[PDB]
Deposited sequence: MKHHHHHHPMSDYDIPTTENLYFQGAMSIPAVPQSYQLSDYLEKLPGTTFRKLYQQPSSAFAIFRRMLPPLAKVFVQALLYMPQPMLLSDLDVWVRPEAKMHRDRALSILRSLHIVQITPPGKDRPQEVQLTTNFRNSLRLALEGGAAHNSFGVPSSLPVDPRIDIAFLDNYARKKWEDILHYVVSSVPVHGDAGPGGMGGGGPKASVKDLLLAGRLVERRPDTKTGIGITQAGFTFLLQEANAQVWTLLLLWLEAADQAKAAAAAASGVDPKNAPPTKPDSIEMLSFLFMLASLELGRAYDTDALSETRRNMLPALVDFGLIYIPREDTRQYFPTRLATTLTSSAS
């Protein structure tokens, strides 16, 4: 619904930057492309030259409903461009997806688990309370902007404001009132709610870059996919991340996708919000 809509707006140049990254290409591939599109793309990545449409039809076989829809989804997202009789895949996407399917991606590009002992008090229950309360607060905030005829971190308020889930208002003590977006946002399922905010967190950095040209969204998104491949209740090693990702842990903590302990900022714990992402 949301990620798809977001992606359908992205210009080619970004897609090819995003597909410098196996995990990304493989994540999209895995959990955007429908059962058939996968099948079509597999063969396509394997076969020698930009082959014949008719041969892809011979690949199709049964059921025979999505034969059209599958062409569109493929057409919009990847850099898998074609001209009648010829249907190519973009080097970047090919190269990226291959490495992924051959499990030959950088060793240090995944959630490196941590050797350090795990505080007995940090269980799935803790990591659920934490995350839950974190989201409670955000939801309470956007709620407390509904006319009545502390809350979250300042960085989130400003993000909701920028996102137009909330609008500045002269009348109200808060200085803030709910938008129709905000209403819609409040009705969405906890998954859709997290994506709604994350996509804003992304757009924000574009809206910034654009001006600041008087990390990029792609880096932020890649990392998100990574966090969706990690395991819940397991501690991961901070140092193994790239500077750009070490530099995103605060935002994701604010959002409740990550617990750090104060005791040891060598181990980051993804919450259920982080691992669910792509499975929803």
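Engineer: As a test: can you identify every run of the deposited sequence that has no C-alpha position in this structure, in order?
Structural biologist: Seq positions lacking coordinates: 1-35, 98-104, 192-201, 267-279, 346-347.
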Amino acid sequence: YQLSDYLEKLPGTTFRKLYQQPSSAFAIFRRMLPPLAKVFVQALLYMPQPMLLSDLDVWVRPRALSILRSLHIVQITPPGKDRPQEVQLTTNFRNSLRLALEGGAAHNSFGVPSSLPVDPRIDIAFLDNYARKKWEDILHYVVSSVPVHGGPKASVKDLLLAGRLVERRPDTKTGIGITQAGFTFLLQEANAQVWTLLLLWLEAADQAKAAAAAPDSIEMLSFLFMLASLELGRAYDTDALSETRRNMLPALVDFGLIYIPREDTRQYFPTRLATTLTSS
From here on, numbers count along this sequence of modelled residues.
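Engineer: I need to verify one thing: averaged over C-alpha atoms only, is the B-factor higher for 17-25 or for 267-275?
Structural biologist: So the stretch with the higher mean C-alpha B-factor is 17-25.
Engineer: When the C-alpha temperature factors are averaged for each of 41-49 and 241-249, which stretch ends up with the higher value in the entry?
Structural biologist: Looking at the recorded C-alpha B-factors, 41-49 comes out higher on average.
Engineer: If you check the C-alpha B-factor for each of 144, 179, 85, 193 in the entry, which is highest?
Structural biologist: Of 144, 179, 85, 193, 85 has the highest C-alpha B-factor.
Engineer: Which one of 214, 218, 232, 227 shows the top CA temperature factor in the record?
Structural biologist: Of the options given, 214 has the highest CA B-factor in the PDB entry.
Engineer: Can you work out whether the C-alpha temperature factor of residue 129 puts it in the lowest, middle or highest third of the chain?
Structural biologist: Its C-alpha B-factor, which the entry lists for residue 129, ranks in the middle third among residues of this chain.
Engineer: Mind checking which third residue 157 falls in for C-alpha B-factor across the chain?
Structural biologist: Lowest third - that is where residue 157 ends up once the chain's C-alpha B-factors are sorted.
Engineer: How does the C-alpha B factor of residue 81 compare with the rest of the chain: lowest, middle or highest third?
Structural biologist: Highest third, going by the recorded CA B-factors of the chain.
Engineer: Quick check on the deposited entry: does the C-alpha B-factor of residue 91 sit in the lowest, middle or highest third of its chain?
Structural biologist: Answer is highest: the recorded C-alpha B-factor places it there.
Engineer: Going by the recorded CA B-factors, say which third of the chain residue 164 sits in, lowest, middle or highest.
Structural biologist: Middle third, going by the recorded CA B-factors of the chain.
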